[PDB]
């Protein structure tokens, strides 16, 4: 019944998950899963992020977690890796962005063609629902203005009557490279990495890792998977870890790393191999 404070700066949910996951890994309780596709993908992402990680094996990954065992070091070495792995498990994000871009163009085709600014566009539907929230959270100058310019170019080839279905099919066929670029920004841009995430936004990844995230003591007694128990606060998530596990598998080494969550994510400042 020990509350472990996770760091606020960066991807706060990912910091707490990294601490909880490290306990399950180092205790051996996930050993049966380490050869499954989810843990092979985690290993691949750990190696891609850490150039001094070698050889590429779960032995080396456990060695890194045991050497860099202060919880603040664990966040720095593992939270960026989990953030990158999560992006591989967003099977419905392409459809979501296509639907956002479809709503934008369908409700604002003439506005866009006429050179109107982002604030002048209809962004709310007939039920008061947000029509393109992920697009409107992109950077106004660097992303949203170039998006409107790009849509003006693309719409020159629009040769159908204006209906939502026609817009969606047109964008599916003719805006593939734009849609791919928007997915990268929404997945990994500055705002993407420090906005604040729900646990449901990590479900694809945690499902692949055979883990259930339990938020605020709301437990599924029919779920027999390994559980990481979390508490949600402001500028902080907490991980719950039993006292025996925390004494053995966390904070067993002095803190060794001295970089910010953002420098760790960008990844240029390499972590030294043990």
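Numbering follows the first chain given and starts at 1.
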item: Selected stretch [higher average CA B-factor]: 74-82 or 87-95; value: 87-95
item: Mean C-alpha B-factor comparison - 222-230 and 22-30, higher one; value: 222-230
item: Options 60, 69, 246, 40 - largest CA temperature factor per the record; value: 246
item: Assigned third (lowest, middle, highest) for the C-alpha B factor of residue 133; value: lowest
item: Residue 125, C-alpha B-factor rank within chain (lowest, middle or highest third); value: lowest
item: Residue 240 - Cα temperature factor, lowest/middle/highest third of chain; value: highest
item: Ranked against its chain, the third holding the CA B-factor of residue 164; value: lowest
item: CA B-factor placement of residue 197, once the chain's modelled residues are sorted into thirds; value: highest
